[PDB]
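Worksheet: the structure to be examined is printed underneath.
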Amino acid sequence: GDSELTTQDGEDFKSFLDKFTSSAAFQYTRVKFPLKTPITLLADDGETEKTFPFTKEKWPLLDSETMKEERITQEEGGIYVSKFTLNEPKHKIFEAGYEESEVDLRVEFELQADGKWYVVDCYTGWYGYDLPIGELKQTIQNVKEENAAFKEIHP
C-alpha cells in the first residue's frame, strides 16, 4: 500500500478494467450518459421510436465473464461472435452478437483527458429493441434483482 502508479499518458485498459469487473460501487464513477446508445422504445403508435433517459437507475452491474472473446459455430441458429471491431489508443469497442444478425451486447470505452477511462455504451439486451414502451419499469425492477447477486458476491 501507499504510492500510486497511473503513468503520465492515461491509464491502462487492464488497470481500469480490473476494478470495473470487481467493484460495483466504482462502476458508477466512470460512465458517460446518455451514452451513444439511448434506450429507444417503440411507442403506442407501433412506428414512433421514442428515446428515454439513460442513467444509473438502469445500470446493470456487469461481470468478468462477459469479457471473453469467442466464436460459437452452430448449425441451427447462427455464428455467435464476441470479438473487437476497432483498435484505437483512446477508444476501445467490444461488440457481441451473431456474425450477421443483431448484437446482444455492445460495450465501448473512451479515455478522457483526465486519464481515467469512461464507458460510453451500455447495451446488453436489457435495453434492446425487444421490450415495449409499457414494460419499461418492470425491467428496471428486475435489473435491481440481478444487481443484488453481483454485489453480494463481489461488490
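Mind checking which residues of segment 105-135 are at positive phi and out of contact with any strand residue (DSSP E or B) (no Cβ under 9 Å at 6 or more places or on another chain)?
Filtering segment 105-135 down to residues at positive phi leaves 115, 125.
Scanning segment 105-135 gives a single hit, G115.
Could you give me the residue pairs with C-beta distances under 7 Å whose first residue belongs to segment 133-155 and is within 26 Å of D18 (Cβ to Cβ), whose second residue is among the hydrophobic types (A, V, I, L, M, F, W, C) and surrounded by fewer than 12 Cβ atoms within 10 Å (Cβ to Cβ) wherever it lies, and which are 6+ apart or on separate chains?
So the pair list comes out as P155/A25.
Matching residues to (1) in a loop (DSSP other than H, G, I, E, B); (2) of a type in the set (D, E, K, R); (3) farther than 30 Å from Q141 by Cβ:
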position	(1), (2), (3)
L17	no, no, no
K50	no, yes, no
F54	yes, no, no
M67	yes, no, no
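Taking the stated definitions as given, is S23 of a type in the set (S, T, Y), within 16 Å of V119 (Cβ to Cβ) and free of Cβ contacts under 8 Å to residues at least 40 places away in the same chain?
no
If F84 meets every condition in (1) in contact with an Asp or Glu (Cβ under 8 Å, 6 or more places away or on another chain); (2) loosely packed, with under 14 Cβ neighbours inside 10 Å; (3) within 29 Å of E152 (Cβ to Cβ); (4) not basic (K, R) apart from one, which number is that one?
Here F84 clears every test but (3).
Consider segment 27-47. How many of its residues are in contact with a strand residue (DSSP E or B) (Cβ under 7 Å, 6 or more places away or on another chain) and farther than 21 Å from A113 by Cβ? Give the steps one after another, and end with the answer.
First pass over segment 27-47, keeping only residues in contact with a strand residue (DSSP E or B) (Cβ under 7 Å, 6 or more places away or on another chain): 30-32, 35-43.
So of that shortlist, the ones also farther than 21 Å from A113 by Cβ come out as 37-43.
Selection size over segment 27-47: 7.
Do we find a residue being under 21 Å from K19 (Cβ atoms), in contact (Cβ under 8 Å) with a residue 24 or more places away in the chain, of a type in the set (A, V, I, L, M, F, W, C) and not in a strand (DSSP E or B) anywhere in segment 89-111?
So far as segment 89-111 goes, no, none of its residues is under 21 Å from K19 (Cβ atoms), in contact (Cβ under 8 Å) with a residue 24 or more places away in the chain, of a type in the set (A, V, I, L, M, F, W, C) and not in a strand (DSSP E or B).
For segment 10-20, which residues satisfy the criterion of being of a type in the set (D, E) and touching a residue at least 24 places away in the same chain (Cβ under 8 Å)? Show your work before the answer.
Of the residues in segment 10-20, the ones of a type in the set (D, E) are 11-12, 18.
If the condition is that a residue be of a type in the set (D, E) and touching a residue at least 24 places away in the same chain (Cβ under 8 Å), then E11 is the only one that fits.
Name the single residue that is surrounded by the most Cβ atoms within 10 Å (Cβ to Cβ) among those in segment 24-57 being more than 22 Å from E135 (Cα to Cα) and more than 13 Å from the chain's Cα centre (by Cα).
Among them, the one singled out is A24.
Note that we place each Cβ from the backbone using ideal geometry, even for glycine, and neighbour counts take in every protein chain shown. Throughout, read-outs are computed from the coordinates displayed, never taken from laboratory work.
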